[PDB]
*Asks:* 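Pasting a structure below so you can have a look.
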Amino acid sequence: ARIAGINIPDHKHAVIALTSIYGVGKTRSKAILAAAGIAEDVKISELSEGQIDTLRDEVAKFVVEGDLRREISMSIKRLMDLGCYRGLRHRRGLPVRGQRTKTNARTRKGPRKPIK
Amino acid sequence: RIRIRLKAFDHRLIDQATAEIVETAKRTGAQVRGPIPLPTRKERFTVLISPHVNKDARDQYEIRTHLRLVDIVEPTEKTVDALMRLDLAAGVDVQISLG
Amino acid sequence: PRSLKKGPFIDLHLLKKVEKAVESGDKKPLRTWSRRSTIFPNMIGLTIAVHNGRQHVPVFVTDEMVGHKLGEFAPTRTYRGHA
Amino acid sequence: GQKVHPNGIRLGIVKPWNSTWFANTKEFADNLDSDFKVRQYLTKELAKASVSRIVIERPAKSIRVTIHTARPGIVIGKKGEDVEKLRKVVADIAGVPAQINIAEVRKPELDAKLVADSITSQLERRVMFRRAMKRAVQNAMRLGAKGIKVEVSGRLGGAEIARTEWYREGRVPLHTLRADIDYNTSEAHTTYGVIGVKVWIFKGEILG
Amino acid sequence: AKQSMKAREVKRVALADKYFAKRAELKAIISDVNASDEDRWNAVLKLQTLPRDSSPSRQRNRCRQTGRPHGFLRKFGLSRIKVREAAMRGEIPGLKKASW
Amino acid sequence: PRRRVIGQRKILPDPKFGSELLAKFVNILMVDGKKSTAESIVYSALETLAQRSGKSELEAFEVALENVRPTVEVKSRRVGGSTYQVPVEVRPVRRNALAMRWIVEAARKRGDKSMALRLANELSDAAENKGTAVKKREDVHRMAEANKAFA
Amino acid sequence: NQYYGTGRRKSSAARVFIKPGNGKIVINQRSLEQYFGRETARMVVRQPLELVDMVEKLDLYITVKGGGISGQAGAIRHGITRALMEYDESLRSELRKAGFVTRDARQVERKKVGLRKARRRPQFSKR
RNA sequence: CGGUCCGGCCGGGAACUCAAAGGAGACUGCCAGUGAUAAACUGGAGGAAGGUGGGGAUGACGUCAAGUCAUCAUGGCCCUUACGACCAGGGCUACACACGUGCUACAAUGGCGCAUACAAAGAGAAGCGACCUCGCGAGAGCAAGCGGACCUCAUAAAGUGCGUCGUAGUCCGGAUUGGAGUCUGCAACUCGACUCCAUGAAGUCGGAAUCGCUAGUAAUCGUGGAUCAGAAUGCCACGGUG
RNA sequence: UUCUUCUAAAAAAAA
C-alpha cells in the first residue's frame, strides 16, 4: 500500500492502483502482477505483507520516479545546453515534433496572451 | 477445354460478338456451354470541372467494362483452327485459355 | 528515424573530407551543405560550417552530438518576437 | 459557361464515340496519347481540306483510322499518292501498323465542325460576323436541317469590349436526350485576339 | 506548364530507365539480411554516386499533353481539365457521365 | 409546412408488451440510433417500477405519464407589437409527445448511476406527483394561466 | 412439395422454404433465438405467422444473405408473406391490410457531390 | 437425391440468391364524390410501387466588367549576358493574436478484457500479397494464388452475453515530452506515417450569436477508392443500427 | 414601440 516510496490507493484494484507510481502504466503493472503471481482483480487491501514485499522487489527492477525525473530532466537539459533544434524549441516553449505553430500550440504555449 | 473471355465497353457490341462466337462454334463443331454474363466492372471517377476554384462543382464519370464468358467443353480441330483464324470487331478483347 | 539495418547516412564527399581532415590534422572549418548526415566519432573536435540556407554557420562538434544530424545545430528560421 | 456539352451528354444515347477500342489500364494512357498525336498531326496537315471527324479504332494490335471529310478528291489527289504518305507516318508515330480509310460527308453545310471552320476562316479573312452567321444559318435551313443555333463570342468587329451574339432558327432542344444535336466549336486567331464560335445542329428526333 | 518542366520530366524518366537495374541491385544488396556490414556500407556509399534524377521517386506524374503536375489520373494519363475536354468530345472510349 | 398536411407514419409496437406509446417512448429515449440499448434501459426501469408500484408495468407507466401530460400550452402569435403567448389546448398525440419528452429530459438530468435507475426514480416521483418533470408541467400551466386573457 | 418465397429489404436477400410440420424455424442451420439475439428481430420474423394462426402447423427452412440484423429479419418476414400467399392464396386480403406483402423500398440514399453525407450539407458561415 | 475428411466439398441438379441482356410493369388506366358537361382535386380496388414511386444526370434569356493570362490557347506591354536555364541547401510546415471547416472529447445510452453474429461498393503486375517462422507491436524472412464473380486488400464496427470500474479530472480524454524502433525513399534535423515503454495539459455539455436536416433523412458506427515511392481527422463513394 | 447612413471613374449600336 506503499510502493517505491509513495503511497498508492487501497480501495482501487491492484492493476489500476500500481499506475499511480510515476514510471508504471497499465501494461507494466500487468507484467509486475504476472511476475509476482498476483491476480489483477484483487484490491490493494486484504493482501499480505509478504505479497506486498514481492511487489516491491518486482517494481525495483524498473526505473521509477526518483531517477526517472532526473534522467528526463537531464535529457531535456542536455538538448538545451547542446544547442540542437529540439533544445532551442524547448527553451522557446514551442512544439518540438514538427507540429503546426500558426494555431493549435496551446499545450506548449499556455493560455493566450492578448495584444496590448 | 477451351475458355474464351470477352471484354468490351459497349454492351450491344459484346452481345453481338458473343452471339457470333456461339454461332461460329455451333456450326463447325458442337458442345458449347453458353454465353455466361460475368459482372460488369463500373470504374468511377470524379473530377473538378472549374479550371481554377469551385470545389462543389464536379463531374462523375464511369467506365463500364462488360464481361462475357464462353467455353467449348471438348474442342475439335475444326473448331479451334476456325476460332483462331476468325477475327472480331474493334472494342472487344478476347482471352484464350486452354485447360 | 532511419532503420538500423540500413546503417547511417553520410554523404560520400563529406566522408572523404573528414577522412582527409583527420589524417592531415588541419583545423580550418570544413564548410558544407550536408545537413542530412549523422555525426561519426572521428568528427569530434572539428569545426564544420553547416549551411542554413543563407550562410555557413560554424558549429564546434563535441562528443555529445554523435547520434544527431548536423542540421540540428544550424537553425534555419530567424525569429526575434512580434511586439 | 453553364450548359453541359451536348455531344458528351448524348455519348450513350444517340451519339457514337470518336474512338472505339478497348485497352487495359497498362496501355490506356499511351493509347490515348497516341490518338491525340495522330489527331493533332492530321488536323495540322489537312487544314485546307474540310475534315469533319477523325474516327480511330484498333482491332488486333493494328490501328485503323477512318477520316470523315467532305473533299475526298483533295485529300487523295492522284490515285493512291498521299494517303499512303499519311499512313506510314501515322504508323511510325503510333509504333503499330496503321490503315487509313476515308468516308465522304454528304451535305457539308449540315456538319457542325465544317460550318465552324468555314465561319472561322471567314472571320480570319475579316468579313462581317453578322453576315457570316446569317449565311451559315440560311444555307443550313435551306438544305433541310430541323434546326441550327450559332453563337459567336469575343471582340466582334474589332470592338473594345467583348460581347456574345447568337441566332437560332427552328428547334434546338438541348434537354431532350434522344435529339441528335451535332455540336462543335472552333476559334479564330484574329489580330485583335481570339474569337470563339459554337454551333448546335438539330437533325430530327431519333426514336430508339 | 513550362517547357523546362516537361524537359525535366523526360530527362528524369530517361535517367530512371537508364540506371533502373543498378539501383534495383544496390537496394537488393542493402535490404539483404544475409550480407556483411562492410559490403552493405559500400553499397549505401555507391548509391549516392549515381545521378539523383535516376531514382523512380523523383518523377511526378504530369498530364502528357500539357505537363500539369496536379489533378492527374493514371488510367488516362491526363489532368482533370484535359480528361473532361477529351471525354466531352469523345476521344476516351467507354467514358460517359455517370448517374446512380 | 405550406402546401400539404402529410399522412401520419406507422410505428410498430414494442416486442415485450405490444404497446404503441411505449414504443414511441423508446424512440424518444434513443440516442445515436442505439434502439437496443434504449430498450434495455426502459425494460430495466419498468421492471424495477413494477416492484416499487406493485402494479403492472403498462398501468404504472400510464399513471406516471398522466401527471406529466399538459392540457394547455402557450404559442407565440405576436400580432401586437410584443410577443403574445396565446394559451391553446393541446391535442392528444402532442400531449403524449410532450409528456414523454419531459420525462426523458428530466431523467437525463438526474444524478443517479444508471439511466435505467434515473428513469425508474423519475417515473416513481412523477406517479407520486413530485419531480422536475411535473414542476415543468406546473410552470407551463402557470404561464398559460397568467396569459389566459388572450384568445 | 416444398413452398418457396423470396424476401428483400435494404441490401438483404432471404430465400424461405415452407414444409408442413410442428413449427421449427431454422435460419442458416441455426435456430431463430440462436441467429437473431435481438428480440425486435424475433418479433418481426414471427409477425405473419402470429397474424394468421399457422404458427405451429408448419416448419420454416430459411437461408439469408447480405444486409444486417433488421434487414435480414425484414427480408425473412417478406419472404414468409410471399410464400404464404401462394401456399394458401386466400391470406393475401389480410396480409395486404397488415402491410406485409409490400416490399419496403427505402434504400440508403447515396452521398452527393458538395454534401458531406446523403443530404447533410456542410456548415455554412455568412462572414 | 448418392457419398463425405461435415467444409457446396464432390458426383450432380438446374429450381433459388446473384450475375448481365431482352421484355412486361405505374399510365389519373378503373370506380365514387367535388368541379364550369372542362382542366383538375380528394378518397379506394388491384398492385412491389398512385398521381413526379425514391435518388441522380439535365441549369433558359441573362445578372455580378463574379473567377481563372499560374491548366491551356491568345491580342498587346515588358526582359533577351536575363524577368530566360541548371544544381545544392532553405521556404511554402514561421507565431504575441483573430477567423473559417473538421477530428477526438468532457463520460455509465460509457471505458477496458474475453467469446461471438450480420454487409455493400471498389482497387490490384515497378501491383495486391495468402500460409508458415521470428518479434509484446509496427513489421521482417521464405513464399503459393491473382490482369482477377476464382487470389489478395479483409477478422467490419456499433450490436449481443459475461466480468470489472461506481460519478472521481476517474480504468473518461488522449494532447505534450523523454527513451527504443519499423517501413517508404539517394536522403524522415528543419519536415512523413506507424509501433513499444513512460508521461497524462485543458476539458465535467460551452456567452452574445449561429448552422444542417421532413425518412431510410438527421444522429451514430465502421469499409473502400482517387492522389500516391511513402504521407489524411480532407474529398469522392459504400453499407450497419436508426 | 424605435430601427440611421453608404462620398468619389466606368465601358456598351451605327445594314
Side-chain angles (χ1 to χ4, degrees), chain B residues 45-55 57-59 61, chain C residues 33 35-36 51-54 76-77, chain D residues 1 5 19 25-45 47 54 89-90 92-95 120 124 153-155 162 185-196, chain E residues 1-20 23 48-89 91-92 95:
Chain B
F45 310 91
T46 295
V47 291
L48 286 186
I49 64 181
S50 177
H52 185 236
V53 293
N54 277 117
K55 199 54 176 285
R58 319 207 198 194
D59 274 347
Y61 305 137
Chain C
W33 295 261
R35 311 185 92 264
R36 61 183 195 179
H51 198 233
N52 72 331
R54 177 166 44 178
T76 45
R77 270 72 168 261
Chain D
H5 196 294
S19 73
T25 186
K26 173 181 305 182
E27 57 277 341
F28 205 110
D30 70 4
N31 266 16
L32 185 48
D33 172 76
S34 70
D35 290 5
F36 168 82
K37 295 287 204 165
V38 309
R39 281 181 214 275
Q40 154 179 3
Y41 171 80
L42 260 68
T43 303
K44 175 192 202 59
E45 274 318 302
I54 307 184
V89 66
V90 160
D92 179 83
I93 280 169
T120 289
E124 287 190 272
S153 283
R155 293 177 67 62
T185 73
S186 161
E187 57 168 28
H189 292 319
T190 63
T191 185
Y192 286 107
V194 58
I195 309 195
Chain E
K2 287 189 184 174
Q3 296 301 110
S4 298
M5 309 309 297
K6 319 184 181 181
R8 284 193 221 173
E9 202 52 25
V10 61
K11 178 174 205 184
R12 278 158 190 158
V13 76
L15 290 189
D17 305 336
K18 176 174 181 182
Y19 297 92
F20 168 54
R23 294 189 68 88
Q48 315 166 17
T49 56
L50 294 200
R52 276 186 181 192
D53 287 314
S54 56
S55 169
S57 69
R58 297 290 306 235
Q59 53 179 357
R60 181 157 183 98
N61 300 340
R62 297 176 178 271
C63 170
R64 218 175 301 189
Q65 292 183 28
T66 185
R68 189 183 146 101
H70 276 292
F72 190 76
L73 279 185
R74 281 172 172 181
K75 193 174 194 64
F76 308 124
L78 315 168
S79 83
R80 47 180 190 84
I81 301 176
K82 289 306 188 179
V83 169
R84 175 167 198 247
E85 289 203 49
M88 291 293 103
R89 286 204 301 266
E91 288 86 4
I92 310 170
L95 194 52

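Residue numbers start from 1 in every chain, and the chains themselves are labelled A, B, ... in the order their sequence lines are given, proteins ahead of strands. These values consider heavy atoms only, across backbone and side chains, with no hydrogens, waters or symmetry-generated copies.
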*Asks:* Do you know the tightest heavy-atom contact between D:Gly154 and D:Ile195?
*Replies:*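 Between these two residues, the closest heavy atoms are O-CG1, 3.3 Å.
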
*Asks:* Quick one, D:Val38 and D:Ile93 - any side-chain contact, counting heavy atoms below 4.5 Å?
*Replies:*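 Side-chain contact under 4.5 Å: yes.
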
*Asks:* To the nearest 0.5 angstrom, please state how far the CD1 atom of E:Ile81 sits from the CD atom of E:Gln65.
*Replies:*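 It comes to 12.0 Å.
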
*Asks:* List the atom of E:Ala87, the atom of E:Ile92, and the distance in Å for their closest heavy-atom pair.
*Replies:*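 In this case the closest contact between E:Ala87 and E:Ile92 is N-CD1, 4.2 Å.
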
*Asks:* So does E:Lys11 have more than 12 non-hydrogen atoms from other groups sitting under 6.0 Å from NZ?
*Replies:*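 Check fails, neighbour count at 12 or below.
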
*Asks:* What heavy-atom pair brings E:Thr66 and E:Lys6 nearest, and what distance separates the two atoms?
*Replies:*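 So the two residues come closest at O-CE, 3.4 Å.
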
*Asks:* For D:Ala29 and E:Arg74, work out which heavy atoms get closest and say how close.
*Replies:*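 Result for this residue pair: CB-O, 4.0 Å.
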
*Asks:* Can you tell me how far the CG atom of D:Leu42 sits from the CD1 atom of D:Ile54, to the nearest 0.5 Å?
*Replies:*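 Reported value, rounded in 0.5 Å steps: 4.5 Å.
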
*Asks:* Can you find a pair of side-chain heavy atoms, one from E:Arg23 and one from E:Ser54, that are under 4.5 Å apart?
*Replies:*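 They are in contact (side-chain heavy atoms under 4.5 Å apart), so the answer is yes.
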
*Asks:* Measure the CZ-CZ distance between D:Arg39 and E:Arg89 for me, rounded to the nearest 0.5 Å.
*Replies:*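 Atom-to-atom, D:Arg39:CZ and E:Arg89:CZ are 9.0 Å apart.
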
*Asks:* Starting at OG1 of D:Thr43, measure out to CD of D:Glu45 and round the result to the nearest 0.5 Å.
*Replies:*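 Answer for the OG1-CD pair, D:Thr43 versus D:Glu45, is 10.5 Å.
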
*Asks:* Determine, step by step, whether B:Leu48 and B:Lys55 satisfy the side-chain contact (heavy atoms from CB on, under 4.5 Å) criterion, reporting the C-alpha distance in whole Å, the side-chain angles of both residues, the deciding distance to 0.1 Å, and the verdict.
*Replies:* CA-CA 7 Å; B:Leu48 286 186; B:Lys55 199 54 176 285; 4.2 Å; yes

*Asks:* Can you tell me if E:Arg80 uses its side chain to pair, donor with acceptor, with the backbone of E:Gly71 under 3.5 Å?
*Replies:*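 Side chain of E:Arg80 to backbone of E:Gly71, a donor-acceptor pair under 3.5 Å: no, none is there.
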
*Asks:* What's the separation between atom OG in D:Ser34 and atom CZ in E:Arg64, rounded to the nearest 0.5 Å?
*Replies:*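 Separation between the atoms: 9.5 Å.
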
*Asks:* Mind checking what makes salt bridge (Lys or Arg N to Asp or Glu O under 4.0 Å) contact with E:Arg84, not counting sequence neighbours?
*Replies:*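 By the salt bridge (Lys or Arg N to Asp or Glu O under 4.0 Å) rule, E:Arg84 matches B:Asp59.
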
*Asks:* B:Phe45 versus E:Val83: any side-chain heavy-atom pair under 4.5 Å?
*Replies:*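 A side-chain contact is absent here, since even the closest heavy-atom pair is not under 4.5 Å.
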
*Asks:* Is there side-chain contact between E:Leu73 and E:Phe76, with at least one heavy-atom pair below 4.5 Å?
*Replies:*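 A side-chain contact under 4.5 Å exists here.
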
*Asks:* Using a distance-only test with no angle check, is there a side-chain donor-acceptor pair under 3.5 angstrom linking D:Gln40 and D:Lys37?
*Replies:*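 Their side chains do not contain a donor-acceptor pair, so the 3.5 Å distance test is not met.
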
*Asks:* Heavy-atom distance under 4.5 Å between the side chains of E:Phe72 and E:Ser79, does that happen here?
*Replies:*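 The answer is no; the side chains never approach within 4.5 Å.
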
*Asks:* Can you say whether the rings of C:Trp33 and C:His51 are parallel (under 30°), tilted (30 to 60°) or perpendicular (over 60°)?
*Replies:*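 Tilted: the ring planes of C:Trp33 and C:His51 meet at 30° to 60°.
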
*Asks:* Please name the pair of heavy atoms, one in D:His189 and one in D:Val194, separated by the smallest distance, quoted to 0.1 Å.
*Replies:*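 For D:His189 and D:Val194, the tightest heavy-atom pair comes out as ND1-CG2, 3.5 Å.
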
*Asks:* Can you confirm whether D:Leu32 sits close enough to E:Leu78 that some side-chain heavy atom of one is under 4.5 Å from a side-chain heavy atom of the other?
*Replies:*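 Of all side-chain heavy-atom pairs linking E:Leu78 with D:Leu32, at least one is under 4.5 Å.
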
*Asks:* Starting at CZ of E:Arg60, measure out to CE of E:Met5 and round the result to the nearest 0.5 Å.
*Replies:*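 Taking CZ in E:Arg60 and CE in E:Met5, the distance rounds to 11.0 Å.
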
*Asks:* What pair of heavy atoms forms the shortest contact from C:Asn52 to C:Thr76, and how long is it?
*Replies:*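 The pair with the smallest heavy-atom distance is O-CG2, 3.5 Å.
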
